$ cat start.txt   # compact mmCIF, C-alpha atoms and all ligand atoms
# COMPACT_ATOMS: atom_id res chain seq x y z
CA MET A 1 3.83 -41.39 -10.16
CA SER A 2 5.93 -40.32 -7.16
CA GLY A 3 6.16 -37.32 -4.84
CA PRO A 4 7.73 -33.86 -5.39
CA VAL A 5 11.00 -32.94 -3.68
CA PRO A 6 10.88 -30.62 -0.62
CA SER A 7 12.56 -27.21 -0.65
CA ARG A 8 13.53 -24.51 1.83
CA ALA A 9 14.33 -20.83 1.44
CA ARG A 10 18.09 -20.17 1.35
CA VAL A 11 17.59 -17.13 3.58
CA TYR A 12 15.34 -16.05 6.43
CA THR A 13 14.28 -19.70 6.69
CA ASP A 14 13.20 -19.57 10.33
CA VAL A 15 12.52 -15.91 11.07
CA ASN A 16 8.89 -16.58 12.05
CA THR A 17 9.75 -19.87 13.73
CA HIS A 18 11.53 -17.98 16.51
CA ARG A 19 9.10 -15.04 16.71
CA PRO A 20 6.16 -14.63 19.14
CA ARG A 21 3.22 -16.63 17.79
CA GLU A 22 1.04 -13.50 17.77
CA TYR A 23 3.39 -12.01 15.17
CA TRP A 24 2.43 -14.48 12.42
CA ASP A 25 -0.92 -15.79 13.70
CA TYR A 26 -3.06 -13.09 12.09
CA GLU A 27 -6.30 -15.01 12.66
CA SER A 28 -6.29 -14.13 16.35
CA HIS A 29 -5.45 -10.54 15.49
CA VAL A 30 -7.97 -8.12 16.96
CA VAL A 31 -8.43 -5.09 14.73
CA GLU A 32 -8.85 -1.68 16.33
CA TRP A 33 -10.99 0.60 14.22
CA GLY A 34 -10.63 4.31 13.56
CA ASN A 35 -13.21 6.97 12.76
CA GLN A 36 -14.29 6.61 9.15
CA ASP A 37 -16.08 9.95 9.44
CA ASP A 38 -12.50 11.20 9.30
CA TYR A 39 -12.16 10.51 5.59
CA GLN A 40 -13.95 11.29 2.36
CA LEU A 41 -13.59 9.70 -1.05
CA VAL A 42 -12.51 12.16 -3.69
CA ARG A 43 -11.74 10.10 -6.79
CA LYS A 44 -11.59 6.49 -7.99
CA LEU A 45 -8.06 5.32 -8.75
CA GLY A 46 -8.83 1.79 -9.86
CA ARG A 47 -10.36 -1.51 -8.81
CA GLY A 48 -10.04 -5.28 -8.59
CA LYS A 49 -11.94 -8.42 -7.53
CA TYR A 50 -11.07 -8.01 -3.86
CA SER A 51 -11.30 -4.24 -3.58
CA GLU A 52 -11.86 -0.77 -5.02
CA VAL A 53 -9.21 1.93 -4.45
CA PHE A 54 -9.80 5.68 -4.17
CA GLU A 55 -8.02 8.96 -3.57
CA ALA A 56 -9.38 10.55 -0.40
CA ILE A 57 -8.83 13.38 2.03
CA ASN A 58 -8.62 13.40 5.82
CA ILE A 59 -11.29 15.99 6.61
CA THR A 60 -9.62 16.95 9.90
CA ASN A 61 -6.29 18.11 8.49
CA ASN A 62 -6.71 18.21 4.70
CA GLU A 63 -4.02 15.54 4.38
CA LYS A 64 -4.40 13.55 1.17
CA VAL A 65 -4.84 9.78 1.52
CA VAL A 66 -5.71 6.64 -0.41
CA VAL A 67 -8.57 4.42 0.73
CA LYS A 68 -8.86 0.76 -0.16
CA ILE A 69 -12.45 -0.43 0.28
CA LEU A 70 -12.50 -4.22 0.55
CA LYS A 71 -15.15 -6.63 -0.70
CA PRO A 72 -16.46 -9.65 1.25
CA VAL A 73 -13.63 -12.19 1.49
CA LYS A 74 -13.36 -13.73 4.99
CA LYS A 75 -12.09 -12.10 8.17
CA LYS A 76 -8.94 -14.24 7.95
CA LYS A 77 -8.12 -12.85 4.51
CA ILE A 78 -8.61 -9.37 5.96
CA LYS A 79 -6.59 -9.82 9.15
CA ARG A 80 -3.71 -11.18 7.07
CA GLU A 81 -3.21 -7.96 5.10
CA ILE A 82 -3.62 -5.88 8.26
CA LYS A 83 -1.23 -7.90 10.38
CA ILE A 84 1.36 -7.74 7.61
CA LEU A 85 1.09 -3.98 6.99
CA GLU A 86 1.56 -3.33 10.70
CA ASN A 87 4.52 -5.66 11.03
CA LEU A 88 6.17 -3.93 8.04
CA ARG A 89 5.06 -0.39 8.84
CA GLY A 90 8.08 1.89 8.99
CA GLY A 91 9.94 -0.49 6.70
CA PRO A 92 11.92 0.94 3.80
CA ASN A 93 9.78 1.76 0.79
CA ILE A 94 6.74 -0.01 2.27
CA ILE A 95 3.42 1.82 1.81
CA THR A 96 2.19 3.06 5.18
CA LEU A 97 -1.09 1.90 6.70
CA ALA A 98 -2.42 5.10 8.23
CA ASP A 99 -5.80 3.80 9.45
CA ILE A 100 -8.48 1.08 9.41
CA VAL A 101 -12.18 1.93 9.32
CA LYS A 102 -15.60 0.37 8.88
CA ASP A 103 -17.10 1.55 5.60
CA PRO A 104 -20.79 2.22 6.29
CA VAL A 105 -21.97 1.88 2.68
CA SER A 106 -20.07 -1.27 1.61
CA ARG A 107 -20.17 -2.64 5.18
CA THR A 108 -16.66 -4.07 4.79
CA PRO A 109 -13.24 -2.96 6.12
CA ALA A 110 -11.63 0.04 4.41
CA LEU A 111 -7.87 0.55 4.84
CA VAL A 112 -6.30 4.03 4.61
CA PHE A 113 -2.75 4.39 3.21
CA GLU A 114 -0.28 7.22 2.82
CA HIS A 115 -0.75 8.85 -0.56
CA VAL A 116 1.95 9.01 -3.24
CA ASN A 117 1.80 11.42 -6.21
CA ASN A 118 2.23 8.48 -8.60
CA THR A 119 2.98 8.72 -12.34
CA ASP A 120 1.21 6.09 -14.49
CA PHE A 121 3.80 3.35 -15.08
CA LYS A 122 2.66 2.96 -18.70
CA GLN A 123 3.92 6.49 -19.33
CA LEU A 124 6.70 6.77 -16.73
CA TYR A 125 8.60 3.76 -18.05
CA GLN A 126 8.88 5.26 -21.56
CA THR A 127 10.75 8.21 -20.08
CA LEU A 128 12.98 6.41 -17.59
CA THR A 129 16.70 6.55 -18.21
CA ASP A 130 19.33 3.93 -17.41
CA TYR A 131 20.16 5.39 -13.97
CA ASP A 132 16.47 5.55 -12.98
CA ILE A 133 15.83 1.88 -13.69
CA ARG A 134 18.86 0.95 -11.57
CA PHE A 135 17.69 3.40 -8.90
CA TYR A 136 14.08 2.27 -8.59
CA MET A 137 15.00 -1.41 -8.89
CA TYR A 138 17.27 -0.80 -5.92
CA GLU A 139 14.50 0.87 -3.93
CA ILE A 140 12.32 -2.16 -4.61
CA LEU A 141 15.08 -4.44 -3.31
CA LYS A 142 14.93 -2.61 -0.01
CA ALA A 143 11.25 -3.29 0.58
CA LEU A 144 11.83 -6.80 -0.74
CA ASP A 145 14.77 -7.50 1.55
CA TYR A 146 12.93 -5.91 4.45
CA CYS A 147 9.67 -7.83 4.09
CA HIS A 148 11.60 -11.03 3.36
CA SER A 149 13.78 -10.65 6.48
CA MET A 150 10.57 -10.05 8.40
CA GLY A 151 9.29 -13.45 7.23
CA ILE A 152 6.89 -12.13 4.62
CA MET A 153 6.54 -12.86 0.89
CA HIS A 154 4.80 -10.25 -1.21
CA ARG A 155 3.50 -12.61 -3.92
CA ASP A 156 2.29 -9.87 -6.30
CA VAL A 157 5.27 -7.81 -7.41
CA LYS A 158 4.59 -5.89 -10.61
CA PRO A 159 4.59 -2.28 -11.93
CA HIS A 160 0.94 -1.73 -10.97
CA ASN A 161 1.87 -2.35 -7.32
CA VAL A 162 4.85 0.01 -7.20
CA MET A 163 3.95 3.66 -6.65
CA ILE A 164 6.42 6.28 -7.79
CA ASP A 165 6.68 10.02 -7.16
CA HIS A 166 9.30 10.71 -9.82
CA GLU A 167 10.15 14.32 -9.08
CA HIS A 168 10.91 13.27 -5.49
CA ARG A 169 12.48 9.93 -6.46
CA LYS A 170 10.10 8.30 -3.96
CA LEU A 171 8.90 4.73 -4.38
CA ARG A 172 6.55 2.56 -2.33
CA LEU A 173 5.56 -1.10 -2.69
CA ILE A 174 1.80 -1.42 -2.31
CA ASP A 175 -1.04 -3.96 -2.25
CA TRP A 176 -0.15 -6.75 0.15
CA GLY A 177 -3.46 -8.54 -0.25
CA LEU A 178 -1.75 -11.73 -1.44
CA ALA A 179 1.22 -11.45 0.94
CA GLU A 180 1.72 -14.39 3.30
CA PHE A 181 4.05 -15.38 6.11
CA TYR A 182 6.76 -17.88 5.25
CA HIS A 183 7.00 -21.15 7.21
CA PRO A 184 9.59 -23.76 6.17
CA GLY A 185 7.97 -26.89 4.75
CA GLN A 186 4.56 -25.30 4.23
CA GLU A 187 2.85 -25.82 0.86
CA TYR A 188 1.28 -22.64 -0.51
CA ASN A 189 -1.50 -21.84 -2.92
CA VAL A 190 0.07 -21.33 -6.32
CA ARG A 191 -2.88 -19.24 -7.42
CA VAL A 192 -1.08 -16.00 -6.47
CA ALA A 193 0.66 -13.11 -8.24
CA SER A 194 -0.50 -11.99 -11.69
CA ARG A 195 0.00 -13.97 -14.93
CA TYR A 196 2.95 -12.08 -16.52
CA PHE A 197 4.85 -12.14 -13.25
CA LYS A 198 4.03 -15.69 -12.15
CA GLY A 199 7.09 -17.82 -11.56
CA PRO A 200 7.70 -21.23 -13.12
CA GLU A 201 7.22 -22.77 -9.69
CA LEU A 202 3.66 -21.47 -9.91
CA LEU A 203 3.17 -22.38 -13.55
CA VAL A 204 4.41 -25.93 -12.90
CA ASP A 205 2.31 -26.24 -9.74
CA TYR A 206 5.14 -26.61 -7.19
CA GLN A 207 3.76 -25.56 -3.77
CA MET A 208 6.80 -25.44 -1.49
CA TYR A 209 8.02 -22.06 -2.74
CA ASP A 210 9.44 -19.06 -0.84
CA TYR A 211 10.60 -15.43 -1.14
CA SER A 212 12.51 -16.32 -4.28
CA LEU A 213 9.14 -16.04 -6.00
CA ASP A 214 9.29 -12.26 -5.67
CA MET A 215 12.73 -12.18 -7.27
CA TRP A 216 11.38 -13.70 -10.49
CA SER A 217 8.45 -11.29 -10.59
CA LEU A 218 11.02 -8.55 -10.02
CA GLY A 219 13.10 -10.04 -12.82
CA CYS A 220 10.10 -9.72 -15.11
CA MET A 221 9.85 -5.97 -14.42
CA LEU A 222 13.55 -5.36 -14.97
CA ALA A 223 13.41 -7.07 -18.37
CA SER A 224 10.38 -4.99 -19.41
CA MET A 225 12.17 -1.77 -18.45
CA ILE A 226 15.59 -2.23 -20.08
CA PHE A 227 13.97 -3.71 -23.19
CA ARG A 228 10.95 -1.42 -23.24
CA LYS A 229 8.47 -4.28 -23.73
CA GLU A 230 5.81 -4.29 -21.01
CA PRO A 231 5.05 -6.97 -20.00
CA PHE A 232 8.03 -9.03 -21.17
CA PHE A 233 6.48 -12.54 -21.09
CA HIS A 234 3.03 -12.02 -22.61
CA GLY A 235 1.24 -15.32 -22.10
CA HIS A 236 -2.39 -15.85 -23.11
CA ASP A 237 -2.99 -17.89 -19.97
CA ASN A 238 -0.96 -19.66 -17.30
CA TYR A 239 0.00 -22.51 -19.60
CA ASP A 240 0.99 -20.26 -22.46
CA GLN A 241 2.69 -18.11 -19.83
CA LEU A 242 5.26 -20.84 -19.25
CA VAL A 243 5.58 -21.41 -23.00
CA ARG A 244 6.58 -17.76 -23.51
CA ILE A 245 9.24 -18.20 -20.84
CA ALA A 246 10.39 -21.48 -22.35
CA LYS A 247 10.80 -19.67 -25.69
CA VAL A 248 13.45 -17.43 -24.10
CA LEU A 249 15.22 -19.43 -21.39
CA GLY A 250 14.85 -22.55 -23.52
CA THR A 251 13.20 -25.89 -22.76
CA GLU A 252 16.33 -27.69 -21.55
CA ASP A 253 16.66 -25.80 -18.27
CA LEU A 254 12.92 -26.07 -17.75
CA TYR A 255 13.04 -29.84 -17.87
CA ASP A 256 16.17 -29.86 -15.74
CA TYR A 257 14.04 -27.94 -13.28
CA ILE A 258 11.14 -30.42 -13.06
CA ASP A 259 13.51 -33.41 -13.02
CA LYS A 260 15.30 -31.90 -10.05
CA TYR A 261 12.17 -31.25 -8.03
CA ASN A 262 10.51 -34.35 -9.42
CA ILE A 263 7.55 -32.19 -10.36
CA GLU A 264 4.49 -33.73 -12.04
CA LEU A 265 4.12 -31.62 -15.18
CA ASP A 266 0.52 -31.11 -16.28
CA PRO A 267 -0.24 -33.13 -19.48
CA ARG A 268 -1.47 -29.96 -21.18
CA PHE A 269 2.16 -28.86 -21.46
CA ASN A 270 3.35 -31.78 -23.57
CA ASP A 271 1.66 -30.48 -26.71
CA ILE A 272 2.71 -26.84 -26.15
CA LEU A 273 6.13 -26.55 -24.49
CA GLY A 274 7.83 -27.70 -27.67
CA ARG A 275 11.60 -27.44 -27.96
CA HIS A 276 13.36 -24.10 -27.61
CA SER A 277 16.96 -23.13 -27.14
CA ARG A 278 17.98 -20.62 -24.53
CA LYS A 279 18.03 -17.33 -26.46
CA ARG A 280 20.68 -14.69 -25.75
CA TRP A 281 19.39 -11.54 -24.06
CA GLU A 282 20.96 -9.60 -26.95
CA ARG A 283 18.12 -10.78 -29.20
CA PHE A 284 15.88 -8.30 -27.40
CA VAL A 285 18.17 -5.32 -27.82
CA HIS A 286 17.27 -2.72 -30.44
CA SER A 287 17.87 0.95 -31.28
CA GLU A 288 15.19 1.98 -28.79
CA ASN A 289 16.37 0.07 -25.70
CA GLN A 290 20.16 -0.02 -26.27
CA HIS A 291 20.86 2.94 -24.01
CA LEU A 292 19.13 1.06 -21.20
CA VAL A 293 21.08 -2.19 -21.69
CA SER A 294 24.52 -3.01 -20.28
CA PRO A 295 26.55 -6.12 -19.38
CA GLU A 296 25.88 -5.59 -15.70
CA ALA A 297 22.23 -5.14 -16.66
CA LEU A 298 22.13 -8.49 -18.46
CA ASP A 299 24.21 -10.36 -15.88
CA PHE A 300 21.84 -9.12 -13.19
CA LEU A 301 18.64 -9.94 -15.11
CA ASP A 302 20.18 -13.29 -15.88
CA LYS A 303 20.56 -14.03 -12.16
CA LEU A 304 16.98 -13.05 -11.40
CA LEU A 305 15.28 -15.04 -14.17
CA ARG A 306 16.00 -18.72 -13.57
CA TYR A 307 13.64 -21.68 -13.35
CA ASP A 308 15.08 -22.98 -10.10
CA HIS A 309 13.99 -20.46 -7.46
CA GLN A 310 16.80 -21.76 -5.26
CA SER A 311 19.43 -20.55 -7.75
CA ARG A 312 17.79 -17.13 -7.95
CA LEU A 313 19.51 -14.24 -6.17
CA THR A 314 18.09 -13.09 -2.85
CA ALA A 315 17.11 -9.43 -2.58
CA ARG A 316 20.08 -8.88 -0.26
CA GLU A 317 22.57 -10.42 -2.67
CA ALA A 318 21.02 -8.54 -5.59
CA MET A 319 21.59 -5.21 -3.81
CA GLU A 320 25.28 -6.13 -4.07
CA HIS A 321 25.39 -6.48 -7.86
CA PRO A 322 27.83 -4.14 -9.72
CA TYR A 323 24.73 -2.91 -11.53
CA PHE A 324 24.01 -0.79 -8.43
CA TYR A 325 27.48 0.47 -7.48
CA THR A 326 26.75 3.99 -8.72
CA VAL A 327 23.24 4.35 -7.26
CA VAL A 328 24.54 7.34 -5.25
CA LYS A 329 25.23 5.20 -2.21
CA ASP A 330 23.55 7.57 0.24
CA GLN A 331 26.43 7.76 2.71
CA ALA A 332 24.57 10.88 3.81
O1 LIG B 1 -2.19 -1.22 -1.20
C1 LIG B 1 -3.16 -1.26 -1.95
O2 LIG B 1 -3.51 -2.30 -2.50
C2 LIG B 1 -3.98 0.02 -2.21
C3 LIG B 1 -3.13 1.26 -2.23
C4 LIG B 1 -2.38 1.73 -1.15
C5 LIG B 1 -1.59 2.73 -1.71
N1 LIG B 1 -2.06 3.28 -2.97
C6 LIG B 1 -1.79 4.47 -3.56
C7 LIG B 1 -1.10 5.53 -2.90
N2 LIG B 1 -0.85 6.65 -3.56
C8 LIG B 1 -1.25 6.80 -4.81
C9 LIG B 1 -1.95 5.76 -5.47
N3 LIG B 1 -2.39 5.87 -6.77
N4 LIG B 1 -2.35 6.95 -7.37
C10 LIG B 1 -2.76 6.84 -8.63
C11 LIG B 1 -3.13 5.50 -8.85
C12 LIG B 1 -3.63 4.84 -9.97
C13 LIG B 1 -3.91 3.48 -9.80
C14 LIG B 1 -3.69 2.84 -8.55
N5 LIG B 1 -4.01 1.53 -8.49
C15 LIG B 1 -4.25 0.85 -7.21
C16 LIG B 1 -3.10 -0.13 -6.99
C17 LIG B 1 -3.66 -1.43 -7.57
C18 LIG B 1 -5.06 -1.16 -8.15
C19 LIG B 1 -5.53 -0.01 -7.30
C20 LIG B 1 -3.16 3.55 -7.42
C21 LIG B 1 -2.88 4.92 -7.60
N6 LIG B 1 -2.20 4.63 -4.82
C22 LIG B 1 -2.92 2.15 -3.28
$ encode --input "start.txt" --output "structure tokens" --more "lines below"
Ligand SMILES: O=C(O)Cc1ccn(-c2cncc(-n3ncc4ccc(NC5CCCC5)cc43)n2)c1
Amino acid sequence: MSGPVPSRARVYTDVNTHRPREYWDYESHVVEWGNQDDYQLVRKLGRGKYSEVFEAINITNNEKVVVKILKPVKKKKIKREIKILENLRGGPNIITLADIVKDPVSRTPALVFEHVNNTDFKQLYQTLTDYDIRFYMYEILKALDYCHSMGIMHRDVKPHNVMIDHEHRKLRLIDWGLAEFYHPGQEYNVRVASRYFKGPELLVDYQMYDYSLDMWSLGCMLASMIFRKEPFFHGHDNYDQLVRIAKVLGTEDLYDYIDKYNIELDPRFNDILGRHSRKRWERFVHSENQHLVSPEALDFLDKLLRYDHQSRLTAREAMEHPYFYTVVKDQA
């Protein structure tokens, strides 16, 4: 019919605009390799369609490390993750890229990260207490506010990509293989993030999104922690994914959302979105999650999970929510 309405990030809108071209132009980035003979695989940690991750050891100092062996994908796709990890290196709660080597066997680039004595999230989350959830969520806001202020969107926030060393209260945001630099006006691929954490802007096919996409994904994790239902929105596919959301936030705000951005809703939604009222977060409270739920917890979640990305809270604003007052404000 007509065209979608443009959009711009409310914050960090032109951070790359004013930075040295080399900073964001990863394509012309020239990788400097290290000595792969330096590391040895010790155990498989998991895989994916773009890589296989392992636990390794630096043979020269016995230091434990994690090696991500890539799979053919395009130099551009490779340089992008490398450029990003180096621009963020040192950032709060950002996994650290220790090295970059040429894997002889696979003949593809293998990245070496700092290793974190992680505790399976599927088990860790069942033991987390109210303070912990607030605490880790806060640590994730740091990395989120840092990468955002550095002009980068993660695009794949989820438990799986958050490493935690519980005894040491240490958290790191990993896997920036889908991370991209943010340029106002640009139209991105919506085929990013993982189903359960995909934002309505992705489910509705709106391309001019921004960092606010990570806030929704982050909202999805919060909900699954305080309610002890992981994942929270269990869609069967991308279309059903939106349906599940609709069934909680209600269909009215959803339609207010596409009307506003004059989005062309895929026909396949007509027959499945239905008509649902916005449910109250209390409907998800029970005798097993009550201790983890509070007004500040719901008010916060409420400000993270909204159709209009623009209305979502920015990581920086979120760090200011009463829900984090306690979080032993370092001070020292
Ligand atoms: O940054 C990256 O993408 C790789 C990357 C860089 C830092 N890591 C990293 C660092 N320390 C520990 C782990 N562990 N430890 C146990 C474990 C179990 C599973 C996984 N899954 C991996 C994360 C997604 C699937 C593979 C990691 C796991 N991973 C990973």
$ atom_distance --input "start.txt" --atom1 "atom CA of residue 112 of chain A" --atom2 "atom CA of residue 32 of chain A"
13.3 Å
$ residues_near_ligand --input "start.txt" --ligand "ligand LIG 1 (chain B)" --cutoff "8 Å" --atoms "all atoms listed in the file" --output "PyMOL selection string"
chain A and resi 45-48+52-55+65-68+95-97+112-120+160-163+173-177
$ write_last_selection --input "start.txt" --atoms "C-alpha atoms" --output "tab-separated table (two decimals), in the frame of the given file"
chain	number	residue	atom	x	y	z
A	45	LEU	CA	-8.06	5.32	-8.75
A	46	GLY	CA	-8.83	1.79	-9.86
A	47	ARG	CA	-10.36	-1.51	-8.81
A	48	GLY	CA	-10.04	-5.28	-8.59
A	52	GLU	CA	-11.86	-0.77	-5.02
A	53	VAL	CA	-9.21	1.93	-4.45
A	54	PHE	CA	-9.80	5.68	-4.17
A	55	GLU	CA	-8.02	8.96	-3.57
A	65	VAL	CA	-4.84	9.78	1.52
A	66	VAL	CA	-5.71	6.64	-0.41
A	67	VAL	CA	-8.57	4.42	0.73
A	68	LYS	CA	-8.86	0.76	-0.16
A	95	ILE	CA	3.42	1.82	1.81
A	96	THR	CA	2.19	3.06	5.18
A	97	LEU	CA	-1.09	1.90	6.70
A	112	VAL	CA	-6.30	4.03	4.61
A	113	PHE	CA	-2.75	4.39	3.21
A	114	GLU	CA	-0.28	7.22	2.82
A	115	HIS	CA	-0.75	8.85	-0.56
A	116	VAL	CA	1.95	9.01	-3.24
A	117	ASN	CA	1.80	11.42	-6.21
A	118	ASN	CA	2.23	8.48	-8.60
A	119	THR	CA	2.98	8.72	-12.34
A	120	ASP	CA	1.21	6.09	-14.49
A	160	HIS	CA	0.94	-1.73	-10.97
A	161	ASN	CA	1.87	-2.35	-7.32
A	162	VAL	CA	4.85	0.01	-7.20
A	163	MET	CA	3.95	3.66	-6.65
A	173	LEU	CA	5.56	-1.10	-2.69
A	174	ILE	CA	1.80	-1.42	-2.31
A	175	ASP	CA	-1.04	-3.96	-2.25
A	176	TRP	CA	-0.15	-6.75	0.15
A	177	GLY	CA	-3.46	-8.54	-0.25
$ closest_residue --input "start.txt" --among "A:87, A:287, A:36, A:212" --to "residue 23 of chain A" --atoms "only C-alpha atoms"
A:87
$ closest_residue --input "start.txt" --among "A:166, A:122, A:278, A:107" --to "residue 224 of chain A" --atoms "only C-alpha atoms"
A:122
$ closest_residue --input "start.txt" --among "A:248, A:141, A:285, A:220" --to "residue 94 of chain A" --atoms "all atoms listed in the file"
A:141
$ closest_residue --input "start.txt" --among "A:242, A:100, A:124, A:133" --to "residue 324 of chain A" --atoms "only C-alpha atoms"
A:133
$ residues_around --input "start.txt" --residues "residue 266 of chain A" --least-positions-apart "2" --cutoff "9 Å" --atoms "all atoms listed in the file" --output "compact mmCIF listing (two decimals) with C-alpha atoms, in the coordinates of the input"
# COMPACT_ATOMS: atom_id res chain seq x y z
CA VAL A 204 4.41 -25.93 -12.90
CA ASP A 205 2.31 -26.24 -9.74
CA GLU A 264 4.49 -33.73 -12.04
CA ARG A 268 -1.47 -29.96 -21.18
CA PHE A 269 2.16 -28.86 -21.46
CA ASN A 270 3.35 -31.78 -23.57
$ closest_residue --input "start.txt" --among "A:251, A:137, A:276, A:109" --to "residue 77 of chain A" --atoms "only C-alpha atoms"
A:109
$ residues_around --input "start.txt" --residues "residue 154 of chain A" --least-positions-apart "4" --cutoff "8 Å" --atoms "only C-alpha atoms" --output "JSON, numbers by chain"
{"A": [144, 147, 176, 178, 179, 180, 211, 214]}
$ closest_residue --input "start.txt" --among "A:281, A:135, A:206, A:307" --to "residue 245 of chain A" --atoms "all atoms listed in the file"
A:307
$ atom_distance --input "start.txt" --atom1 "atom CA of residue 28 of chain A" --atom2 "atom CA of residue 7 of chain A"
28.6 Å
$ atom_distance --input "start.txt" --atom1 "atom CA of residue 208 of chain A" --atom2 "atom CA of residue 191 of chain A"
12.9 Å
$ residues_around --input "start.txt" --residues "residue 228 of chain A" --least-positions-apart "5" --cutoff "9 Å" --atoms "all atoms listed in the file" --output "MDAnalysis selection string"
chainID A and resid 125:126 223 288:289 292
$ residues_around --input "start.txt" --residues "residue 190 of chain A" --least-positions-apart "5" --cutoff "12 Å" --atoms "only C-alpha atoms" --output "list in words"
residues 155, 156, 178, 180, 195, 198, 199, 200, 201, 202, 203, 204, 205, 206, 207, 208, 209, 210, 213 and 238 of chain A
$ residues_around --input "start.txt" --residues "residue 235 of chain A" --least-positions-apart "5" --cutoff "7 Å" --atoms "only C-alpha atoms" --output "ChimeraX atom specification"
/A:196,240-241,244
$ residues_near_point --input "start.txt" --point "(17.9, 2.2, -18.0)" --cutoff "9 Å" --atoms "all atoms listed in the file" --output "list in words"
residues 128, 129, 130, 131, 132, 133, 134, 225, 226, 227, 289, 290, 291, 292, 293, 294 and 297 of chain A
$ write_last_selection --input "start.txt" --atoms "C-alpha atoms" --output "compact mmCIF listing (two decimals), in the frame of the given file"
# COMPACT_ATOMS: atom_id res chain seq x y z
CA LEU A 128 12.98 6.41 -17.59
CA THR A 129 16.70 6.55 -18.21
CA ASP A 130 19.33 3.93 -17.41
CA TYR A 131 20.16 5.39 -13.97
CA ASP A 132 16.47 5.55 -12.98
CA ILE A 133 15.83 1.88 -13.69
CA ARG A 134 18.86 0.95 -11.57
CA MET A 225 12.17 -1.77 -18.45
CA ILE A 226 15.59 -2.23 -20.08
CA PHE A 227 13.97 -3.71 -23.19
CA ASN A 289 16.37 0.07 -25.70
CA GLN A 290 20.16 -0.02 -26.27
CA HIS A 291 20.86 2.94 -24.01
CA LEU A 292 19.13 1.06 -21.20
CA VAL A 293 21.08 -2.19 -21.69
CA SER A 294 24.52 -3.01 -20.28
CA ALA A 297 22.23 -5.14 -16.66
$ build_atoms --input "start.txt" --residues "segment 28-39 of chain A" --atoms "N, CA, C and O atoms" --output "compact mmCIF listing (two decimals), keeping the file's coordinate frame"
# COMPACT_ATOMS: atom_id res chain seq x y z
N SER A 28 -5.91 -14.58 15.02
CA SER A 28 -6.29 -14.13 16.35
C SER A 28 -6.01 -12.64 16.52
O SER A 28 -6.05 -12.11 17.64
N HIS A 29 -5.73 -11.96 15.42
CA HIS A 29 -5.45 -10.54 15.49
C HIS A 29 -6.75 -9.78 15.68
O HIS A 29 -7.72 -9.99 14.93
N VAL A 30 -6.78 -8.91 16.67
CA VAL A 30 -7.97 -8.12 16.96
C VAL A 30 -7.79 -6.71 16.42
O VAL A 30 -7.03 -5.91 16.96
N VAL A 31 -8.51 -6.40 15.35
CA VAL A 31 -8.43 -5.09 14.73
C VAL A 31 -9.02 -3.99 15.60
O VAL A 31 -10.01 -4.21 16.30
N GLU A 32 -8.38 -2.82 15.56
CA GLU A 32 -8.85 -1.68 16.33
C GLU A 32 -9.23 -0.67 15.27
O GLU A 32 -8.38 -0.21 14.51
N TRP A 33 -10.51 -0.34 15.21
CA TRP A 33 -10.99 0.60 14.22
C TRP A 33 -10.80 2.08 14.53
O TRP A 33 -10.66 2.48 15.68
N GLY A 34 -10.77 2.87 13.46
CA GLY A 34 -10.63 4.31 13.56
C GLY A 34 -11.95 4.94 13.14
O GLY A 34 -12.91 4.24 12.83
N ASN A 35 -12.00 6.26 13.13
CA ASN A 35 -13.21 6.97 12.76
C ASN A 35 -13.29 7.22 11.26
O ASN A 35 -12.58 8.07 10.73
N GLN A 36 -14.15 6.46 10.58
CA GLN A 36 -14.29 6.61 9.15
C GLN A 36 -14.85 7.98 8.76
O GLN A 36 -14.67 8.42 7.63
N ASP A 37 -15.52 8.63 9.70
CA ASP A 37 -16.08 9.95 9.44
C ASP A 37 -14.94 10.92 9.19
O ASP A 37 -15.15 12.05 8.76
N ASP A 38 -13.73 10.44 9.47
CA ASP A 38 -12.50 11.20 9.30
C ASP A 38 -12.11 11.37 7.84
O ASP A 38 -11.44 12.34 7.48
N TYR A 39 -12.51 10.42 6.99
CA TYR A 39 -12.16 10.51 5.59
C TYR A 39 -13.29 10.58 4.58
O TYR A 39 -14.42 10.15 4.84
